[PDB]
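Undergrad: following this: a sequence and the matching experimental structure.
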2 protein chains.
Amino acid sequence: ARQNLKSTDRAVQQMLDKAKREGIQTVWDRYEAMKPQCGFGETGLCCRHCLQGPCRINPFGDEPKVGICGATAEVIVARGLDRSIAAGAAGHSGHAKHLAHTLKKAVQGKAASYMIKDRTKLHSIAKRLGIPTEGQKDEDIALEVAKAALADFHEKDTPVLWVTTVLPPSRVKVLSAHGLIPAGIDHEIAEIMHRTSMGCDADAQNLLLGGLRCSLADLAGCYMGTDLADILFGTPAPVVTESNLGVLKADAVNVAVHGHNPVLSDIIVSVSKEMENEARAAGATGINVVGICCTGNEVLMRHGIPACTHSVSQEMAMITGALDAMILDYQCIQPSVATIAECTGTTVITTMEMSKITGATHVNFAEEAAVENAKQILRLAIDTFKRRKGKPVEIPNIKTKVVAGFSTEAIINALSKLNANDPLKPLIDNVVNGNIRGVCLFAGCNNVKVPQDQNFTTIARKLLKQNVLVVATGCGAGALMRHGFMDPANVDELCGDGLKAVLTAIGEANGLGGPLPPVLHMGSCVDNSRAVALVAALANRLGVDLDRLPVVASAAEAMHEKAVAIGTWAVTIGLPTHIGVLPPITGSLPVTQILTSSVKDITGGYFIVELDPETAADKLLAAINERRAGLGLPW
Amino acid sequence: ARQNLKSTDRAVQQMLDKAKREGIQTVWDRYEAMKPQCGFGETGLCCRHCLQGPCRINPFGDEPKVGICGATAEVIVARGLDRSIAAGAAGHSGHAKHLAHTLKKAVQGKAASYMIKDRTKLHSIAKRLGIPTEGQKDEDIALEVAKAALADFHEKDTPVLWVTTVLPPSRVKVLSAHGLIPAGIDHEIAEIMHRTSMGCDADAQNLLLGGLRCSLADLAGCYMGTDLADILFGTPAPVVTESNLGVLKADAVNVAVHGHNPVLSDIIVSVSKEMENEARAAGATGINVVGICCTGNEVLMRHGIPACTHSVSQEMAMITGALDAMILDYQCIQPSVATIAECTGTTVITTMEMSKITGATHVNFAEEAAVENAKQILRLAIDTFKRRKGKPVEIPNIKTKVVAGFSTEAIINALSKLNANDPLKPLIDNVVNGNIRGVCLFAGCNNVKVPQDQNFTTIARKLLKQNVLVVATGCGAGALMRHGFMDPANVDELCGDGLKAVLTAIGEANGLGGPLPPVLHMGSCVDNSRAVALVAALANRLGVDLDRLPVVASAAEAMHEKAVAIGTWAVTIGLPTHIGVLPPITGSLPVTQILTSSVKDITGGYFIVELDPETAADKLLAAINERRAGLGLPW
Ligand code: SF4
Ligand code: SF4
Ligand code: FES
Ligand code: FES
Ligand SMILES: [Fe+3]
Ligand SMILES: [Fe+3]
């Protein structure tokens, strides 16, 4: 088996060979077993929204041509897409809401393991929301912020403030004119589920406008999540760490935090440090916390916790034989981990009531008892380490250096070393003079249909050589970090001369041995909201709307409904947005044309669907350069 | 073509012949074109919750056996079902919320077309909710009720009051012990969409418990909808009217109200009466408003507006050639109506922003301008009548007499004529002495897979002969009314001697020429909440929980996600609940076993899946009789 056809990560390839000889089924094996996949589903031409279904429509040929109730291909495709957007928005609803309740508990004295760690961020959020701070106690300010967060989930006398206060007024005006500003986060989710149910909305344009509005409810959840996590756990600043499977250590208790919410992982990290002696009593060197997926990104960004792996290759951490525990909250966890754990010895532990996996151990994690619950969880990990005494493990000796922690505040601060009172100006100067061609955000998942990381690295290499400033989040950041794109030592190899000059000038002004890394890691998937903050700040500084900026996004290997939601809000706020996997929309040309073309006339953004990464890079460059030309700039 | 294989309604058969010779495609033709339907979808063994899909699992045989992410058949089936429940709950969220906003506007002076029509109901709801009334203005009481309604959509310091205040404390306690009381209506909908997204909840029991909780959010929406509609439009009392296509009149402007919300249809009815002279100026006798689906049920129950048709046969009203307008809000409207309108001349008019149909005319309907918007809509209808001057129409001369309007208040009042201060006692006495074997609620849709009305009438006939008191809502009530089950003249033919004696004694005490009708029409689908009120009142009077009462439900020909949600809350509140179509759960035996068996140990209710109606009737009788035996009663 040619493992490089499955993943371009050599550590993953090594574990795939191990899984094969041990007879352990992987995500790639389950994919092979699924081929050929259903063409109706692949194109979006299937509906199960009532008990008269399933209905399907032949992409081409003869009957069936229409759903039983009369639903056309346009309607069916648009309804399916809208439900995916709502599902993504719901995941970010759950995440943000979790943090809002935690902040509220903390400042009410009900969860002493949590506290206001970033007072400056708290006050800045309060001011943005219009909440008074002068003469007010921090705990009361925080209580008001938490109440405002929770209020954005339902209808009230104002729209969703985590949309209207985070985008420039001109953008809010454009969106309002089209009826696209959400009334409430969970309100929009419910309205999508209603309008897409049988015998309701049956006009493609109307349905898709609803989807754009629900995508902004998702944006609000993301931005709220980042805001609240920064208050509770600290705003990221530049950090140095490592990534890939080689960060596991045979002589340590290896504990992966996996899922999404720092409410959980942040405490695991702090408590693990207090349990060092207890781990040593058990014959370990200590507890080695490592990250998977977004919650890994959260603790990487804030604490420099090394990232083990991401997304599609998550099972491979277990295959090493050295993963003593995998601590889960929710989202993007392959439920296969629960059965693979039987083979590998790993203790898989769920912690949230709405996210259990048959065969896992469930240990409820209450914010009110976070430290004690964390100790219980970590003691299971220690017991597991003891059980593998004398057992061979195979940790690929493969890892990269990673510089990360580029929050928007961190980026502005780094730039301020070149211009203290106008920090964005040096960036803009270099866009204008051509040293920086534009900005591309890589975001989102890996997808088993695409050799792992192949689209991210192929596109990033082409853009970097063309002097594009590249930023990344989520498992896109994960892909790029595992392939060396966050190691400043690789700037000479990867970057165009203009971009190199800029990364070097900024790094040198920040007292570094040299440049910023080739790609700036802006955090987890909710932290795509940080990229919004940066872009909106640039828009405001320039006095133009986001759809005039040379900024694009690429979900190069997208998988989750959350990726569909984020991609859709990227388009809604005005960005050309690449998706590198086939979305289930191709069964309807009219829907495809709306999403890739006519939406430009509504929001200024648009999707670029392109499965070939070299071609995608060309299309992204063309989009950046069109923006440059629109600003009167050379390109 | 043997049209009786499609529908057992002779008026529908006649219109099917007309559609055939005119080449107009119908729902039955679109169904035929869809055969054979996908077996993966039919069994629930398909997942499209991420862009790695579509995934499927062979019901039997070889691979694929598991989803790409590791999702088992149990997980996939349970996640799909949970999303259907959430979608149903969302439709009732939208409906109830619409009414809450309307009530609020009315009493704030912003929508003068609306008012408090049922003051007694307003005060009784206030008291149930714990809202003070003494010394308070009606408008302020109503404002508090509307605010309480809107508050139940989100988390707050109390659970959903439209669950906890409408079920007996012992039932609330059972549900609370299992964590099943909703925190907020839209909150639960969003949590379902989150937990069922990729890489989240992956334990069938955990998922299904979540579904039961979300079904109670649906119950709350239903009960809220009925409560608010009764306040605004009046609580139904016994009425006499007619049903089936023969209620259309060639010499009148025929206007169908179709969809769900009385906010719209109630005004159409009142305004149509004011426009009689304008219709006569146009050469009509007047405006003949007729009902389709639930909004038809709403105006039938309150005003005796005749019901034209229901559910699967809705297109047939248009095929007569005499339907001048079809006025739509949302839900259960086949979008085919928009294209069929081109052939038939009918003006199809949408009115709600989130429910448009390509090719229809959209006329926005604002509560703030209800009368003017209604006149605009009706003037389109009048213009349409004028266009068919001299054109032959074919209205089947087929209709039945219908006695309806049996709200729970109406039922209690009718019983009170036998016992003024203990109205429920005569009903209970007759259950105990065997004159009434038990109670069966028929609810829900028709479904093109089942010859229209065949399950409803077959099951009802068997139960009535066995002295079961039958009540009905929605298009189940529609089926039964179109086949004569709401005409008291048919009591001798249909009813067992015991039931006849009871219906006669109650009717005679209410001053009738004779009995109540064979089946009691309790209203629209949200008015399934009326049946809950009745059953809960019986439970409270007897001092036992609902799962000890000889009461069952049958969604004999279910279709919509709303039917799945209602069926699931029927089970959750403790009822044996029949479904007469194949739900997409058979691909997982463990899920099937939970829903049809082990859930008894949680809530006392359970599903009875049975496609053969004679067998379903036997199973329903067995369930009733088991309840009788549990109470120590003969059977
Ligand atoms: S909603 Fe329409 S297209 Fe979808 S399953 Fe039902 S009948 Fe088929
Ligand atoms: S969630 Fe799992 S089972 Fe569903 S489509 Fe994605 S990979 Fe397949
Ligand atoms: S027919 Fe395959 S996804 Fe429905
Ligand atoms: S394979 Fe047919 S419903 Fe998906
Ligand atoms: Fe993530
Ligand atoms: Fe209905």
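TA: Now that the structure is in, tell me what you want to look at. Residues are numbered from 1 along each chain as shown, chains lettered A, B, ... in the order given. Ligands and ions are numbered 1, 2, ... in the order given.

Undergrad: contact residues of the stretch 401-550 of chain A facing ligand 5?
TA: Within the stretch 401-550 of chain A, the positions adjacent to ligand 5 are residue A:525 by C-beta under 5 Å from the ion. Where C-beta positions appear, they are placed from N, C-alpha and C, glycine not excepted.

Undergrad: ignore the last one, chain A
TA: A:294, A:525.

Undergrad: one more time with 8 Å
TA: Proximity of chain A to ligand 5, by C-beta under 8 Å from the ion, involves residues A:260, A:293-294, A:297, A:331-332, A:445, A:474-475, A:524-526, A:560, A:562.

Undergrad: can you report how many residues lie near residue A:118?
TA: 18 (other C-beta atoms under 10 Å in any protein chain shown).

Undergrad: OK, contacts around it?
TA: A:230, A:231, A:233, A:234, A:235 (C-beta atoms under 8 Å, 6 or more residues apart in numbering or on different chains).

Undergrad: my guess is residue A:58 contacts residue A:65. True?
TA: Yes: judged on C-beta atoms under 8 Å, residue A:58 makes contact with residue A:65 at a distance of 7.0 Å.

Undergrad: residue A:242 - that's part of a helix, no?
TA: No: per DSSP: H, G, I helix; E, B strand; the rest coil, residue A:242 lies outside any helix segment and is strand.

Undergrad: pick the one among the contacts of residue A:118 closest to residue A:144.
TA: Ranked by distance to residue A:144 (C-beta to C-beta), the contacts of residue A:118 are led by residue A:231 at 12.3 Å.

Undergrad: how about whichever strand or helix holds the closest one and chain B, touching?
TA: Assigning secondary structure by DSSP states H and E places residue A:231 in helix A:204-233. Yes: using C-beta under 8 Å from any C-beta of the partner chain, helix A:204-233 reaches chain B at A:204, A:206, A:210.

Undergrad: does ligand 1 have contacts with that helix?
TA: No: between helix A:204-233 and ligand 1, judged by C-beta under 6 Å from any ligand atom, nothing touches; the nearest distance is 13.1 Å.

Undergrad: which residues of the stretch 451-600 of chain A fall in strands?
TA: Counting by DSSP state E, counting those that start in this stretch, the stretch 451-600 of chain A has strands at residues A:469-473, A:519-523, A:551-555, A:576-579.

Undergrad: mind putting those in TSV, mean neighbour count and distance to chain B included?
TA: Compiled in TSV, the strands of the stretch 451-600 of chain A are given as follows (neighbours: other C-beta atoms under 10 Å in any protein chain shown; distance: least, C-beta to the nearest C-beta, whole Å):
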stretch	mean neighbour count	distance to chain B
strand A:469-473	28	18
strand A:519-523	31	19
strand A:551-555	30	9
strand A:576-579	28	9
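
Undergrad: quick one: closest of those strands to ligand 6.
TA: Judged by C-beta to the ion, the one of the strands of the stretch 451-600 of chain A that comes nearest to ligand 6 is strand A:576-579, at 37.4 Å.

Undergrad: point me to the residue of chain A nearest ligand 6.
TA: Counting by C-beta to the ion, chain A gets nearest to ligand 6 through residue A:199 (8.9 Å).

Undergrad: so who does that residue touch?
TA: A:69, B:330, B:331, B:332, B:333, B:334, B:335, B:560.

Undergrad: is it located within a helix, as I assumed?
TA: No: remark: residue A:199 does not belong to a helix; assigned using three-state DSSP, it is coil.

Undergrad: give the buried residues for stretch A:479-499.
TA: A:479-488, A:490-491, A:494-496, A:498-499 (16 or more other C-beta atoms under 10 Å in any protein chain shown).

Undergrad: can you check stretch A:34-52 too?
TA: Buried residues in stretch A:34-52 (16+ other C-beta under 10 Å): A:34, A:37-38, A:40-52.

Undergrad: next, see if it gets close to ligand 2.
TA: No: for stretch A:34-52, no contact with ligand 2 is found by C-beta under 6 Å from any ligand atom; the gap never falls below 7.7 Å.

Undergrad: start and end of that stretch, how far apart?
TA: 26 Å (C-alpha to C-alpha, to the nearest Å).

Undergrad: near chain B, anything from it?
TA: Yes: Stretch A:34-52 reaches chain B (C-beta under 8 Å from any C-beta) through A:34, A:37, A:38, A:40, A:41, A:42, A:46, A:48, A:49, A:50, A:51, A:52.

Undergrad: quick revisit: ligand 4: which of the contacts of residue A:199 is nearest?
TA: When the contacts of residue A:199 are compared for distance to ligand 4 (C-beta to the nearest ligand atom), residue A:69 wins out at 16.1 Å.

Undergrad: is it true that the closest one touches residue B:336?
TA: Yes: applying C-beta under 8 Å, one finds residue A:69 in contact with residue B:336, separated by 6.7 Å.

Undergrad: quick one, longest helix in chain A?
TA: Determined from DSSP state H, the single longest helix within chain A is helix A:73-107.

Undergrad: touching ligand 2 at all, that one?
TA: No: Helix A:73-107 stays clear of ligand 2 (C-beta under 6 Å from any ligand atom), getting no nearer than 10.4 Å.

Undergrad: any idea how far that helix is from the chain center?
TA: On the basis of C-alpha atoms, centre = their mean, to the nearest Å, helix A:73-107 is displaced by 14 Å from the centre of the chain it belongs to.

Undergrad: cool, stretch A:451-471 as well?
TA: Per C-alpha atoms, centre = their mean, the centroid offset for stretch A:451-471 relative to its chain is 17 Å.

Undergrad: surely residue A:326 is within a helix?
TA: No: counting by three-state DSSP, residue A:326 is not part of a helix but strand.

Undergrad: for residue A:149, what are its contacts?
TA: Contacts of residue A:149 by C-beta under 8 Å, 6+ apart are A:96, A:97, A:99, A:100, A:103, A:162, A:224, A:227, A:228.
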